[PDB]
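Engineer: build me a model:
(one chain, ligands or ions: 8)
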Amino acid sequence: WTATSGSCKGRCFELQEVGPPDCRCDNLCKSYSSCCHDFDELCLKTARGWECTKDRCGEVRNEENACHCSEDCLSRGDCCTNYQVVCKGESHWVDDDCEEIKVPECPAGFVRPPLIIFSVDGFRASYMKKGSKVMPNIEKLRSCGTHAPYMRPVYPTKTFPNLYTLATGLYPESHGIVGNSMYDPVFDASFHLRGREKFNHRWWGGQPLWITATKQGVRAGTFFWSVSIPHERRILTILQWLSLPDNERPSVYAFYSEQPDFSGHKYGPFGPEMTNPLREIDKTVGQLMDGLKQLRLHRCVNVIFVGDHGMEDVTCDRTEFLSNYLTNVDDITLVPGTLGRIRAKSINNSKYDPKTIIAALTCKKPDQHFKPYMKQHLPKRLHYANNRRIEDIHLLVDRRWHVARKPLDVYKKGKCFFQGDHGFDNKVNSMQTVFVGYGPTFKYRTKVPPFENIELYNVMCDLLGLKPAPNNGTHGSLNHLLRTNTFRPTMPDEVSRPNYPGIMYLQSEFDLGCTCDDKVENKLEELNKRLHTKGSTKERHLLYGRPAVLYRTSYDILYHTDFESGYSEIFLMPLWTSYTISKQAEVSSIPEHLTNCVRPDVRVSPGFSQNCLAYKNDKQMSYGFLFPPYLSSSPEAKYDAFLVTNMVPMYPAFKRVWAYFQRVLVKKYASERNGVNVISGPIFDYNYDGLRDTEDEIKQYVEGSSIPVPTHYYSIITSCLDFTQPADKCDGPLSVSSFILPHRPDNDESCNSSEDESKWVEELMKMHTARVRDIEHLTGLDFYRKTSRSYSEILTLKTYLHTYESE
Ligand SMILES: *[C@@H]1O[C@H](CO)[C@@H](O[C@@H]2O[C@H](CO)[C@@H](O[C@@H]3O[C@H](CO[C@H]4O[C@H](CO)[C@@H](O)[C@H](O[C@H]5O[C@H](CO)[C@@H](O)[C@H](O)[C@@H]5O[C@H]5O[C@H](CO)[C@@H](O)[C@H](O)[C@@H]5O)[C@@H]4O)[C@@H](O)[C@H](O[C@H]4O[C@H](CO)[C@@H](O)[C@H](O)[C@@H]4O[C@H]4O[C@H](CO)[C@@H](O)[C@H](O)[C@@H]4O)[C@@H]3O)[C@H](O)[C@H]2NC(C)=O)[C@H](O)[C@H]1NC(C)=O
Ligand SMILES: O=C(Cc1ccc(Cl)c(Cl)c1)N1CCc2cccc(Cc3ccc(F)cc3)c2C1
Ligand SMILES: [Ca+2]
Ligand SMILES: [Ca+2]
Ligand SMILES: [Cl-]
Ligand code: NA
Ligand code: NA
Ligand SMILES: [Zn+2]
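Structural biologist: Residues are numbered from 1 along each chain as shown. Ligands and ions are numbered 1, 2, ... in the order given. Now the structure:
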């Protein structure tokens, strides 16, 4: 019930939301069908439109008008945005030359520069260049302020997940808005774009910026706007709020536009019809900026112009139908479109089997335009699994396509309407969106590299003097956007210090069931090998310091001629293995006599070692090496590579991938990048939370042993950004690429895996590209501890994702 008989007189776009049954006058009252009876009359005035004209200048105030051109309007805070231009000979903001904003130039009683977030739905990154001729206000923001060529959204690349990520700094799995449509099985409730369940606060986790502000004594404008409030009225409302007295005035505001998304769905991302929506958004930006100029706030406010996601060409004819793959299509529920999520139609059907559905959807048609995954097998970079609202079966849909359950869903919802859609993998170029920051706290005429939208919450907090709630940004990684208000983090403290074992065991103390043809024997070279075991080559192979272990554990540093490792006594294998391969390195084979060679490590007890007999008895599991024998510096150094302490468990199907990486790709990268430093290791994430598993979370072991089986293997591949300098003698910034490969017992993910590894392995590895920071979370390790570079620069490097998309 609402008693809509109250009135909005003096309450128009009130900030505090009043409680039912009392009627509302706030910017969401329309959406709840709760506005007072006189809301339209008083709060949504339209009389005489949005612009002063010469005949209205100095008019007698008429309170019916949408905005005012009377002498008193500036003091009332309710002039039309073009008032000073039309009536007082002033210029539009866009026509003024850019002049650096070195310090905030704010009116008296402003405690901090305000922040205005101007969010645009469906604003694809390439619109900034492609539309620049019809967007002069936006172009001025971009050229004069701080901009990125693009900003990466989160997956899925849909509106609600992305706007809520912008507001919280959290991945959708953590904030709980995992799609525009969701089913929560604990609630037994559905969230939809249409309807009222989405108003329930139990959907919305984390702590959005408006709550962070309010809790810390910073007042916030409401970020949401009912669709029927016209944009001109949204801007005039923000500008009116900015004229409030100091104790009442918010410091943070958001504007939201449904364009260009709305038109993009109908016309495609570059339809001729798209020019007009871009012009109109630009006009709205111009209104805001002219408005700020009138209030003398144009060199005081920080303005963020930001999108939620891009837009791709998608039509009804590019739809895959699950009815063409499954016999049982009526026994499933599909969330359809540019991603798929499958669950059982009935939890009473015990014959529902996710394994049989996955298999029926795997590599069945030669040009198949989606790929099925159990959610835990999705690329870790998507961070899309640790939420009960995410169904176990996921379909990654190729760009330009849809998936649906049956054809009747597509033409009974028989011709096609739409030409654009979004939601695809967040690395896809068409899904990228925009970031511009303009104002005293941002840099002047500065281009920054692309970054992820999860990072902005921290920065918005920095812009407002707020302490951020715990989030998925890496605070400091965007300091290069800012003139001032930078956040100066300290490196985390190392929790576990390593042991440095010497030679402590005789060969005959080991009974591991291993063999090696190595009984082959000089004081020149004897001292020399001793020195390698004490760390004499460590400066070449450990270039950025040893990684720090940020949890409590027992581990040993092991040195060798060609590689250094941090060996876990608890997991019986390295946490990390570090080695440098120069441009000139030679690849060699594993010699015949060493094919099955595994050698005890006399620095590490038998009790803390793996054993070969476990691998012999486990018919499913084989082993690989972290430092590859193929890249040994000499025949004698190669023996080190067969130490039991360099062995890790690997499924034969995975060994195909791993061997190709090690034998072919590492050397290829060293040739292309002028040397590389490689750090490789295992990851255990059995509960798919993106975080390092403790020992008691491990679900699988090599049969009959305590050797845990990794869920993934990582590598971090670092070189000099200036590739004229070799990796191991680099004076300046670094360049990195990394991956987190799923450790799977089949290559079902790769439909062409019967072919030579040169036709499918690198494609697999690109799909599983990762940030250094992703590996940090998954391992509890902290990398790049000892470089010449600033810590903020290193944080930016740790958040870099190598995407393998063209321009
Ligand atoms: C990205 O950044 C985020 C934010 O930093 C990281 O997420 C955090 O990760 C922490 C570790 O996983 C986690 O800490 C836990 O907090 C529990 C208390 O949680 C409530 O309170 C917080 C604080 O206000 C709140 O934010 C939480 O909100 C979650 O849940 C509600 C629903 O109730 C949602 O609305 C919201 O969207 C959010 O859901 C997300 O997180 C939860 C996990 O909390 C997931 O289940 C969801 O799927 C979704 O992803 C909560 O309301 C606390 O109780 C936990 O403590 C247990 O574990 C510790 C280990 O130290 C153990 O010592 C304790 O004994 C305890 O165990 C007991 O309970 C167990 C489970 O029932 C049981 O098995 C045991 O036997 C014990 O009885 C834990 O410390 C933190 O909550 C989240 N925060 C958020 C916002 O998500 C995230 O990791 C980052 N991601 C990456 C990849 O880095
Ligand atoms: O206002 C809106 C239309 C809307 C109308 C009615 C209702 Cl009933 C609702 Cl729910 C939403 N939307 C779009 C969806 C959405 C989702 C999450 C968060 C927001 C707020 C937001 C705004 C700017 C920003 F940079 C970040 C977040 C937004 C902003
Ligand atoms: Ca959107
Ligand atoms: Ca985990
Ligand atoms: Cl209403
Ligand atoms: Na085996
Ligand atoms: Na395959
Ligand atoms: Zn859309």
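Engineer: touching, residue 611 and residue 703? I think so.
Structural biologist: No. With contact defined as CB atoms under 8 Å, residue 611 does not reach residue 703; the gap is 11.8 Å. C-beta: built from backbone N, CA, C; applies to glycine.
Engineer: the more surrounded of those two?
Structural biologist: Neighbours were counted for residue 611 and for residue 703 using other CB atoms under 10 Å; residue 611 has more, 23 against 15.
Engineer: nearest spatial neighbour of the more buried one, chain-adjacent residues omitted?
Structural biologist: residue 512 (3.9 Å; CB to CB, 6 or more residues apart in numbering).
Engineer: just give me the neighbour total for that neighbour.
Structural biologist: Neighbour number of residue 512 under other CB under 10 Å is 16.
Engineer: who's in contact with the closest residue to ligand 5 within the chain?
Structural biologist: Here the chain gets closest to ligand 5 at one residue, residue 35, 3.7 Å apart by CB to the ion. With contact taken as CB atoms under 8 Å, 6 or more residues apart in numbering, residue 35 is in contact with 4, 8, 23, 24, 25, 29, 43.
Engineer: let's see that with 7 Å instead.
Structural biologist: Counting by CB atoms under 7 Å, 6 or more residues apart in numbering, residue 35 touches 23, 24, 25, 29.
Engineer: buried ones from these, can you make that a ChimeraX selection?
Structural biologist: ChimeraX command restricting these to the buried ones, with burial defined by 16 or more other CB atoms under 10 Å:
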select :23,24,25,29
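Engineer: from the contacts of residue 35, which land in strands?
Structural biologist: Within the contacts of residue 35, no residue falls in strands by DSSP state E.
Engineer: which members of the contacts of residue 35 occur in helices, if any?
Structural biologist: Of the contacts of residue 35, none are assigned to helices by DSSP state H.
Engineer: from the contacts of residue 35, pick the one nearest residue 632.
Structural biologist: Closest approach to residue 632 among these (CB to CB): residue 29, at 72.1 Å.
Engineer: ok, that closest one touching residue 39?
Structural biologist: Yes. Using CB atoms under 7 Å, residue 29 is in contact with residue 39, at 6.3 Å.
Engineer: count the neighbours of the nearest residue to residue 15 once chain neighbours are set aside for me.
Structural biologist: What sits nearest to residue 15 in space, not counting adjacent residues and going by CB to CB, 6+ apart, is residue 222, at 6.5 Å. Residue 222 is flanked by 19 other residues according to other CB under 10 Å.
Engineer: run through who's touching the helix ranked longest in the chain.
Structural biologist: Criterion DSSP H: the longest helix present in the chain is helix 275-294. By CB under 7 Å, 6+ apart, the residues outside helix 275-294 that reach it are 74, 79, 81-85, 92-94, 118, 120, 127, 131, 134-138, 231-232, 235, 239, 257, 259-260, 263, 298, 301.
Engineer: what residues of it count as buried?
Structural biologist: Buried residues in helix 275-294, counting neighbours by 16+ other CB under 10 Å, are found at 275, 277-278, 281-294.
Engineer: stretch 417-437 too?
Structural biologist: Using 16+ other CB under 10 Å as the test for burial, stretch 417-437 gives 419-437.
Engineer: equivalent analysis for stretch 2-15, please.
Structural biologist: 2, 4, 6, 8, 11, 12, 13, 14.
Engineer: same check on stretch 292-303?
Structural biologist: For stretch 292-303, a neighbour-count test (16+ other CB under 10 Å) marks 292, 293, 294, 295, 297, 298, 299, 300, 301, 302, 303 as buried.
Engineer: tell me how far the second one lies from ligand 1.
Structural biologist: Plainly put, residue 293 is 39 Å away from ligand 1 if you go by CB to the nearest ligand atom, to the nearest Å.
Engineer: ok so, going back, how about the residue of the chain closest to ligand 5, phi and psi?
Structural biologist: In terms of degrees, to the nearest 10, the main-chain angles of residue 35 are phi -70, psi 150.
Engineer: would you work out how far apart the start and end of stretch 720-728 are?
Structural biologist: 8 Å (CA to CA, to the nearest Å).
Engineer: what does that stretch contact?
Structural biologist: 540, 543, 580, 582-583, 673-677, 718-719, 730-735.
Engineer: follow-up on the earlier one: run the chain-centre distance for the longest helix of the chain.
Structural biologist: 30 Å (CA atoms, centre = their mean, to the nearest Å).
Engineer: what residues does the stretch 1-150 of the chain put near ligand 1?
Structural biologist: When proximity is defined by CB under 6 Å from any ligand atom, the stretch 1-150 of the chain lies next to ligand 1 nowhere.
Engineer: the stretch 1-150 of the chain against ligand 2: which residues are in contact?
Structural biologist: 28, 31, 117, 119.
Engineer: report the buried members of those.
Structural biologist: The buried subset of those (16+ other CB under 10 Å) comprises 28, 31, 117, 119.
Engineer: output those residues in CSV; the columns should cover secondary structure and distance to residue 467.
Structural biologist: Formatted as CSV, those follow (DSSP: H, G, I helix; E, B strand; the rest coil; distance: CB to CB, whole Å):
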residue, secondary structure, distance to residue 467
28, coil, 27
31, coil, 31
117, strand, 19
119, strand, 23
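Engineer: now, the most widely separated pair of those?
Structural biologist: Farthest pair in these, by CB to CB: 31 and 117, 19.6 Å.
Engineer: number of residues surrounding whatever residue of the chain ends up closest to ligand 7?
Structural biologist: Ranked by CB to the ion, the top residue of the chain for proximity to ligand 7 is residue 753, at 3.4 Å. For residue 753, the tally of surrounding residues (other CB under 10 Å) stands at 19.
Engineer: contacting residues around it?
Structural biologist: 747, 760.
Engineer: just the one 4 residues further on next, same as before
Structural biologist: For residue 757, the contacting residues are 656, 660, taking CB under 7 Å, 6+ apart as the criterion.
Engineer: so the residue nearest to residue 372 when sequence neighbours are not counted versus residue 347, what's the distance?
Structural biologist: Leaving out its chain neighbours, the residue that sits closest to residue 372 by CB to CB, 6+ apart is residue 361, at 4.0 Å. According to CB to CB, to the nearest Å, residue 361 stands 21 Å off from residue 347.
Engineer: same deal with residue 587?
Structural biologist: 54 Å.
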